[PDB]
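Notes to accompany the following structure.
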Amino acid sequence: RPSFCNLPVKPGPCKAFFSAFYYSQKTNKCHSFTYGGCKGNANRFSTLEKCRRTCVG
Ligand SMILES: [Cl-]
Ligand SMILES: [Cl-]
């Protein structure tokens with residue numbers, strides 16, 4: 001997988017309520033999170049299938 005998949009999930013400090021997905025090295029799976037809308041990192045996807053295409057297979 002791309003190395004940025006292994007960055008830690010980062011909701012950030014803002015409090016908007018964006019639905020998103022991230023990859024976890026613990027599971028080799030994508031999971032949901034709530035992105036607050038600012039200061040995130042690249043382990044963040046708008047859809048489950050994009051997270052999977054990028055990080056899972
Ligand atoms: Cl998955
Ligand atoms: Cl797809």
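How things are named: the first chain in the structure tokens is A, the next is B, and so on; residues count from 1 in each chain; ligands count from 1 in the order shown.
Considering only C-alpha atoms and all ligand atoms, the residues that reside within 9 Å of ligand 1 can be listed as residues 23, 27, 28, 29, 30, 31, 48, 49, 51, 52, 55, 56 and 57 of chain A.
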Checklist entry - Where does DSSP see helix (DSSP H, G or I) in chain A, if you list the residues as a PyMOL selection string? => result chain A and resi 3-6+48-55
Checklist entry - For residue A:54, which residue among A:8, A:36, A:2, A:13 is the nearest when counting only C-alpha atoms? => result A:2
Item to check | strand (DSSP E or B) residues, from DSSP on the backbone, in chain A, as an MDAnalysis selection string | outcome: chainID A and resid 18:24 29:35 45
May I have the residues from that selection written out with N, CA, C and O atoms, as a JSON list (two decimals), in the first residue's frame?
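Dumped to selection.json:
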```
[["chain", "number", "residue", "atom", "x", "y", "z"],
["A", 18, "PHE", "N", -17.79, 16.04, 8.70],
["A", 18, "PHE", "CA", -17.61, 15.43, 7.39],
["A", 18, "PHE", "C", -17.48, 13.91, 7.62],
["A", 18, "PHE", "O", -16.64, 13.46, 8.43],
["A", 19, "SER", "N", -18.29, 13.16, 6.94],
["A", 19, "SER", "CA", -18.13, 11.69, 6.94],
["A", 19, "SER", "C", -16.87, 11.36, 6.17],
["A", 19, "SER", "O", -16.65, 11.93, 5.07],
["A", 20, "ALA", "N", -16.00, 10.46, 6.68],
["A", 20, "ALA", "CA", -14.82, 10.09, 5.93],
["A", 20, "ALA", "C", -14.40, 8.67, 6.32],
["A", 20, "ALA", "O", -15.05, 8.03, 7.14],
["A", 21, "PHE", "N", -13.34, 8.21, 5.66],
["A", 21, "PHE", "CA", -12.81, 6.88, 5.87],
["A", 21, "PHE", "C", -11.31, 6.97, 5.98],
["A", 21, "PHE", "O", -10.67, 7.83, 5.36],
["A", 22, "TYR", "N", -10.71, 6.03, 6.74],
["A", 22, "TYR", "CA", -9.26, 5.94, 6.90],
["A", 22, "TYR", "C", -8.85, 4.47, 6.92],
["A", 22, "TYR", "O", -9.67, 3.60, 7.26],
["A", 23, "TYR", "N", -7.58, 4.21, 6.62],
["A", 23, "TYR", "CA", -7.01, 2.86, 6.71],
["A", 23, "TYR", "C", -6.34, 2.65, 8.05],
["A", 23, "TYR", "O", -5.58, 3.52, 8.51],
["A", 24, "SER", "N", -6.56, 1.47, 8.64],
["A", 24, "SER", "CA", -5.85, 1.09, 9.88],
["A", 24, "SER", "C", -4.91, -0.09, 9.60],
["A", 24, "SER", "O", -5.25, -1.14, 9.06],
["A", 29, "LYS", "N", -7.84, -2.84, 7.13],
["A", 29, "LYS", "CA", -9.13, -2.47, 6.68],
["A", 29, "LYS", "C", -9.31, -0.96, 6.74],
["A", 29, "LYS", "O", -8.63, -0.25, 7.52],
["A", 30, "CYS", "N", -10.26, -0.48, 5.95],
["A", 30, "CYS", "CA", -10.75, 0.89, 6.10],
["A", 30, "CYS", "C", -11.88, 0.94, 7.08],
["A", 30, "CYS", "O", -12.65, 0.01, 7.26],
["A", 31, "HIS", "N", -11.98, 2.13, 7.78],
["A", 31, "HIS", "CA", -12.97, 2.37, 8.81],
["A", 31, "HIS", "C", -13.50, 3.79, 8.64],
["A", 31, "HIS", "O", -12.84, 4.65, 8.09],
["A", 32, "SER", "N", -14.70, 4.04, 9.17],
["A", 32, "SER", "CA", -15.25, 5.37, 9.20],
["A", 32, "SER", "C", -14.62, 6.24, 10.26],
["A", 32, "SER", "O", -14.25, 5.80, 11.34],
["A", 33, "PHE", "N", -14.57, 7.56, 9.99],
["A", 33, "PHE", "CA", -14.33, 8.54, 11.04],
["A", 33, "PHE", "C", -15.03, 9.81, 10.64],
["A", 33, "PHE", "O", -15.44, 10.02, 9.54],
["A", 34, "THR", "N", -15.13, 10.71, 11.64],
["A", 34, "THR", "CA", -15.67, 12.02, 11.38],
["A", 34, "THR", "C", -14.52, 13.02, 11.27],
["A", 34, "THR", "O", -13.80, 13.24, 12.25],
["A", 35, "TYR", "N", -14.31, 13.56, 10.09],
["A", 35, "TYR", "CA", -13.30, 14.58, 9.90],
["A", 35, "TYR", "C", -13.90, 15.93, 10.28],
["A", 35, "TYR", "O", -14.98, 16.30, 9.81],
["A", 45, "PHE", "N", -10.36, 9.68, 3.17],
["A", 45, "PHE", "CA", -11.02, 9.42, 1.91],
["A", 45, "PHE", "C", -12.49, 9.74, 2.04],
["A", 45, "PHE", "O", -13.12, 9.52, 3.07]]
```
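Shortest separation to residue A:42 among A:25, A:10, A:16, A:1 occurs at residue A:10, atoms counted being only C-alpha atoms.
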